[PDB]
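A.B. asks: got the complex split up, this is the first portion:
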Amino acid sequence: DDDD
Amino acid sequence: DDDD
Amino acid sequence: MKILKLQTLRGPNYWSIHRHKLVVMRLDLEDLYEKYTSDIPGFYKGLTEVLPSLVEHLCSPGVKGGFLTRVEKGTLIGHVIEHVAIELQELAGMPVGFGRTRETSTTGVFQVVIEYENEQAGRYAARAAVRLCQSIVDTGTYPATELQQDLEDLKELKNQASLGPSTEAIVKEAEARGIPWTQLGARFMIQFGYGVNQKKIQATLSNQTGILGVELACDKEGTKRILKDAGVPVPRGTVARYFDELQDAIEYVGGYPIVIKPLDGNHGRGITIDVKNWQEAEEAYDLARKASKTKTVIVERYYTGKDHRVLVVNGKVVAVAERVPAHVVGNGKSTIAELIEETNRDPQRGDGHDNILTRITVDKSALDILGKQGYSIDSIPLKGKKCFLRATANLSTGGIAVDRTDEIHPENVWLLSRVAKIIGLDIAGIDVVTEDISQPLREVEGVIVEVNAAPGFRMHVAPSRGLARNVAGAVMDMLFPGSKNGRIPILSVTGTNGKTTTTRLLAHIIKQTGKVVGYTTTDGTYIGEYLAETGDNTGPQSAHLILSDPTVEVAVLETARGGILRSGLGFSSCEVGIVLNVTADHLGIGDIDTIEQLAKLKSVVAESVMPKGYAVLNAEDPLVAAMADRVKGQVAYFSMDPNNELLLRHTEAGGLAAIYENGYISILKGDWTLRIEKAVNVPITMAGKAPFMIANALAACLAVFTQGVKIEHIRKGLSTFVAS
Amino acid sequence: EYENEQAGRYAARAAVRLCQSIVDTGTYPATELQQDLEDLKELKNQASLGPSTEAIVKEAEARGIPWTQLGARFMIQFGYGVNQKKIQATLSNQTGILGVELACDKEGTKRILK
């Protein structure tokens, strides 16, 4: 994930 | 998991 | 060539102020001590062929190539080592423009100061410059392979110690607003502000983002259920774990077309958008199940319309962007075969994690999609109309974003804000499929596809087909609502002989007001009435403990010369800066060999006072009083002799001074005298028999008075403080 | 009156079957009785909160604070409108993601505390  |  | 000591500075320091990031090395020139460049055969030619980019260096001549001219004239090798380190770390994409070199007291060692952007990169450049210069003076040249290896190592060091684009934008906004920021060592977390006023962000999640909201956003079915219970128009669908449930789930949604996508996927991992027959349905199910990490897929009705990303910060719609998939338009009477690489030649194209507009990657999956398109490589577009390459519409693959913030209907704004509040996210990215964002989602058959926690806003700050939106500004407005920084009052006490007593007295006086005081002295670090840490605890490594504590409201930091010399100040600015005295007692340590150097080093605290702060200086000390200039903010003088001419002149025009006039600790506010105590009822003064204690009390009382501390609080703190 | 919705509906459905069997045959088989009792116990266990959630809900009821069960992730909503709060078992709606994730990381927590 991260920076969706 | 849950209730630790 | 031997590097004795290699120190890195992170705050205001003896070498410079406003240049916090510096590296200082003690370089030995045993055999190369007092020979110029002209004395070294062929040094200039090798140096200028290894690093031709030295030509832009504007040295003290101030003209193009001035450093080169100094090299033909012949100077010490320390200067050229400094310059080559600067240029070496500048060639790796890190612009640096500060440097110094000074001869130390000892016979051979020099001091080289180099500005850096990255700590590890700066240290590596400093270490590599001496090797490069030694190789040039030994063999006349430096191998190009070693230069390329060093440049690649520098670039790798820069990339490794770099934040993300969202974190970079938020940090830059913080710096623009003057909000202090530091990097925590746990999970790439950034702390904004100090003490009780601090905040934390990781990437876009703040310390106030809820666990429940984030976990609900990641649950596709739970989010859909909650939104449907709230009347939000979510797509109609159901989950299908097995093969046999495909038909039954298909009739539930209401016919054709439908969508197949796994619930454990992200960034379009194995999602099939449009299917209109059973063979396509089964192929999509198989593909999604392969892409599914838990062999579970969901079916739902297919909704026509463009894909929009709406960014909601603090319950308000900040940016709306429509995501158009990778496409080419043949209005120039050219087919896809030319445009695929014509677009790839645009300088806007960029890979990695910095340039959002990714090049058009033509994969075999893309080949299949364009086969489904109904045209081919050499099929010229009709009438010059958009012809697509895929359907995921993601910036990571080569799509474009169009800003639609000014076109969104107010009802849609209200609905999306309500959705963000219902899910429970302070920063949310909502994916909307609708035919027209300017109309309410009820007239058209618009739906809310998903809600994303910790969204990336790189597509909103550079839409490429519209106006950029200040998303980082909105985030920082959420974190710090008004015109408020995250700072707490900071009182830095420096001086040769009375730092610890003054710090403890200041902490005791401030404790009289109902405030939690975190102060570090030589004895140890204290937070309130309890000891946080033992040991010396005087440099910035203990100042960070005070400034990062979530309960500290006021910071009183004793700042010795050793910490400033080693790594500079632990803060960019201080509310109050106290200089007690400057006496040459421990002289010769480090590069401090004259009392003028000691005064310059201790003046860092005074010069770091913010423009709205105060500098409490001793009028009786000529060196300390000489720091009156080059100080931003007001100056307050304390003097044990009430007839100090400088103090009297300062009080005549302005005021804010403290004296010991007639057995009294008095504050002068101009033409007014405010007596605090008889100085014989103050226990630390030993019934007025210790003038040093009286001077320390004067400094502490003046410092607290400058911050608006009420007089009787000062009196109580001064009377109840015991010498220990 | 019921304590569990599914259990109450099942008891209502089973009572008429038991009475019909009694009027038709004069008795009800013990195996069917124990099967129905086990089904009721399973229904009671299935629609039951945990002791932490149970205790918090009991305290809320004692204080007269309304509580409802959300249908997503066993979340309990306390209060109404703008004055509402949410808990799952012990996490509240104000519990931070960053704090929970840092607590789950043993080395990160040790580094931060040190």
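C.D. replies: Received, thanks. Numbers count the residues shown, from 1 in each chain, chains lettered A, B, ... in the order given.
A.B. asks: show me what contacts residue C:232?
C.D. replies: Residue C:232 makes contact with C:415, C:418-419, C:422, C:448 under the criterion C-beta atoms under 8 Å, 6 or more residues apart in numbering or on different chains. In short, each C-beta sits where N, CA and C put it, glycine included.
A.B. asks: and if we set it to 10 Å?
C.D. replies: Residues near residue C:232 by C-beta atoms under 10 Å, 6 or more residues apart in numbering or on different chains: C:223-224, C:226, C:415-416, C:418-419, C:422-423, C:441, C:447-448.
A.B. asks: how close does it get to residue C:432?
C.D. replies: 11 Å (C-beta to C-beta, to the nearest Å).
A.B. asks: Could you name every residue contacting both of the two?
C.D. replies: Common neighbours of residue C:232 and residue C:432 (C-beta under 10 Å, 6+ apart) are C:415-416, C:419, C:441, C:447-448.
A.B. asks: Which secondary structure state does the residue most central in space within chain C sit in?
C.D. replies: With distances taken as C-alpha atoms, centre = their mean, residue C:171 lies nearest the centre of chain C, 3.9 Å away. With DSSP: H, G, I helix; E, B strand; the rest coil as the basis, residue C:171 sits in helix.
A.B. asks: How about the contacts made by it?
C.D. replies: Residue C:171 touches C:163-164, C:179, C:181, C:183, C:190, C:192, C:201, C:472, C:476, counting by C-beta under 10 Å, 6+ apart.
A.B. asks: following sequence is chain E, add it:
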Amino acid sequence: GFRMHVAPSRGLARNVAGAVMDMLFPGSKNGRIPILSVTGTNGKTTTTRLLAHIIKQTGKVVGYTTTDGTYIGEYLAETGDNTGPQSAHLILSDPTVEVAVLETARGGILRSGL
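C.D. replies: This next block brings in chain E, placed alongside the chains you saw above:
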């Protein structure tokens, strides 16, 4: 889990749920918002809309459900009949509603109560 704190078995039990609810609701405050229930035979919808307008004159966000539909503020939140508890939960669980005005038809009371 605070199970071992509410039943230590070798000491005094602690009211952990009380502390949690004190954290959630600091003072002697419940999570309730003003609820105005309008019932009757012939004037429920008009009275509900007039009440909503009057409270809207005050700077408050009013969520009201009538026979025409469910409204939150100035915008329609849901269409249909919406005169039962299934629509009252929509208003009472919305995080932006400060005052709830509910048209309570006899059908909803008969079907599933208030």
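A.B. asks: The contacts of residue C:232 again please, this time with chain E.
C.D. replies: By C-beta under 10 Å, 6+ apart, the residues touching residue C:232 are C:223-224, C:226, C:415-416, C:418-419, C:422-423, C:441, C:447-448, E:77-78.
A.B. asks: Kindly report the same for residue C:516.
C.D. replies: Here residue C:516 is in contact with C:195-196, C:488, C:510, C:527-529, C:549, C:551-554 (C-beta under 10 Å, 6+ apart).
A.B. asks: Generate JSON lines for those, with neighbour count and distance to residue A:3 as supplementary columns.
C.D. replies: Compiled in JSON lines, the contacts of residue C:516 are given as follows (neighbours: other C-beta atoms under 10 Å in any protein chain shown; distance: C-beta to C-beta, whole Å):
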{"residue": "C:195", "neighbour count": "22", "distance to residue A:3": "30"}
{"residue": "C:196", "neighbour count": "15", "distance to residue A:3": "30"}
{"residue": "C:488", "neighbour count": "23", "distance to residue A:3": "32"}
{"residue": "C:510", "neighbour count": "26", "distance to residue A:3": "43"}
{"residue": "C:527", "neighbour count": "18", "distance to residue A:3": "36"}
{"residue": "C:528", "neighbour count": "17", "distance to residue A:3": "40"}
{"residue": "C:529", "neighbour count": "8", "distance to residue A:3": "44"}
{"residue": "C:549", "neighbour count": "21", "distance to residue A:3": "30"}
{"residue": "C:551", "neighbour count": "10", "distance to residue A:3": "33"}
{"residue": "C:552", "neighbour count": "25", "distance to residue A:3": "33"}
{"residue": "C:553", "neighbour count": "19", "distance to residue A:3": "35"}
{"residue": "C:554", "neighbour count": "23", "distance to residue A:3": "38"}
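A.B. asks: Also put chain F in, sequence below:
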Amino acid sequence: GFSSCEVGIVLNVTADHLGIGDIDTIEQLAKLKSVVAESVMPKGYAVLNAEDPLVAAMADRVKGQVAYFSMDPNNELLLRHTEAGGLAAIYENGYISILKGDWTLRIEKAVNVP
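C.D. replies: Take a look at chain F, now in place beside the chains above:
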């Protein structure tokens, strides 16, 4: 009638009604109208017309920040001011817009303004 103003707006200076009082030249009229601009407090703002050379000439000798508005979006002085700082307003493409440096904030289409 006041010592200082929070915002001082100078719209335009045109030599039309000259001869009244001691004012006979447009330079004198500009000096007279510059009293409002020069009365702005150090924390205040002076809103000046960048398109008017005389009004734009009052940029100096003014304490506090300066904000420019221009009907021509290509005004060199306004663009230079926005590049270093910001706080300007233009009419760019049928929009009333605020320039906060490198950020453009559109208000209205200028055709929806009656």
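A.B. asks: what do you get for the contacts of residue C:232 once chain F is counted?
C.D. replies: Going by C-beta under 10 Å, 6+ apart, residue C:232 touches C:223-224, C:226, C:415-416, C:418-419, C:422-423, C:441, C:447-448, E:77-78.
A.B. asks: now do 7 Å
C.D. replies: Contact partners of residue C:232, counting by C-beta atoms under 7 Å, 6 or more residues apart in numbering or on different chains, are C:415, C:419, C:448.
A.B. asks: Correct me if wrong: the second one contacts residue C:227.
C.D. replies: By that I understand residue C:419. Yes: counting by C-beta atoms under 7 Å, residue C:419 touches residue C:227, with 6.4 Å between them.
A.B. asks: Show me what whatever residue of the stretch 451-600 of chain C ends up closest to chain D bridges to in the sheet.
C.D. replies: Relative to chain D, the nearest point of the stretch 451-600 of chain C is residue C:453 (7.8 Å; C-beta to the nearest C-beta). On the basis of DSSP bridges, residue C:453 is bridged to residue C:428.
A.B. asks: Residue C:323 too?
C.D. replies: Assigned bridge partners for residue C:323, using DSSP bridges, are residue C:307, residue C:401.
A.B. asks: Please tell me how far it sits from residue C:392.
C.D. replies: Taking C-beta to C-beta, one finds residue C:323 at 9 Å from residue C:392.
A.B. asks: just residue C:49 next, same as before
C.D. replies: Counting by C-beta to C-beta, the separation of residue C:49 from residue C:392 is 50 Å.
A.B. asks: Would you mind telling me which of these two has the busier surroundings?
C.D. replies: Taking other C-beta atoms under 10 Å in any protein chain shown, residue C:49 and residue C:392 do not tie; residue C:392 has more neighbours (18 against 13).
A.B. asks: With that, I have no additional questions.
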